[PDB]
Amino acid sequence: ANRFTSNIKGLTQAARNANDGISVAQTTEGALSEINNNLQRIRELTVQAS
Amino acid sequence: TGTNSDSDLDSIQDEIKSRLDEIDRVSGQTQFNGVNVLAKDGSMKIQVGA
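- As stated in the entry header, the method of structure determination is cryo-EM and the reported resolution is 3.9 Å.

Put into structure tokens, the structure is as follows:
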């Protein structure tokens, strides 16, 4: 029972820590959306100025 | 025509010279968007694709 309790607490803590990764990746994709849109805009007036 | 006198020829020459001067004027001075389309030789290309 002691081993199972320790294992369950560890699994719960790891499961809680896991969502940190998806939060970080969501922040990163939100940040790089700016790079995507700005690069597309640069391509836009690059086509314009060609 | 041979019936024209010398003075008539000189008078016609005035109109000829006026037309030549205005031709040179319209050729040199015309421009579009700051570009002398007719005054100087060149080759300008329009990009029509991404």
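### Details of the pattern of salt bridges
Residues and elements named next belong to chain B.
And step 1. Applying the stated criterion to the full structure yields two salt bridges over all chains.
And step 2. Residue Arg 19 is joined to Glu 15 by a salt bridge in which the shortest nitrogen-to-oxygen separation is 2.4 Å. Of this pair, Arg 19 and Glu 15 both sit in helix α1 (residues 6-29), four residues apart, roughly one helical turn.
And step 3. Exposure remark for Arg 19: the relative accessible area of 47% places this residue in the partly exposed category.
And step 4. Residues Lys 17 and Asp 21 are paired through a salt bridge, measuring 3.7 Å at the closest nitrogen-oxygen approach. Placement of both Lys 17 and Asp 21 in helix α1 is noted, with a separation of four residues, approximately one turn of the helix.

### Details of unusual backbone geometry
And step 1. Its identity is not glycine, yet B:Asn33 carries a phi of approximately 55°, on the positive side.
And step 2. Turning to its location among the elements, B:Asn33 is positioned in the segment after α1.

### Some thoughts on the environment of B:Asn33
And step 1. Here B:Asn33 falls in the exposed class, since its relative accessible area comes to 69%.
And step 2. The spacing of B:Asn33 and B:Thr3 is 30 residues in sequence and 50 Å in space, taken between C-alpha atoms.

Criteria and thresholds
Residues numbered from 1 in each chain as written, not as in the entry; some residues may be left out. Chains lettered and ligands numbered in written order. Part of a larger assembly, values for the part shown. Heavy atoms only, no water. Salt bridge = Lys/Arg side-chain N within 4 Å of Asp/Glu carboxyl O. Helix = DSSP H or I, 4+ residues; strand = E, 2+ residues; numbered from the N terminus. Buried < 20%, exposed > 50% of the residue type's maximum accessible area, 1.4 Å probe, protein only.

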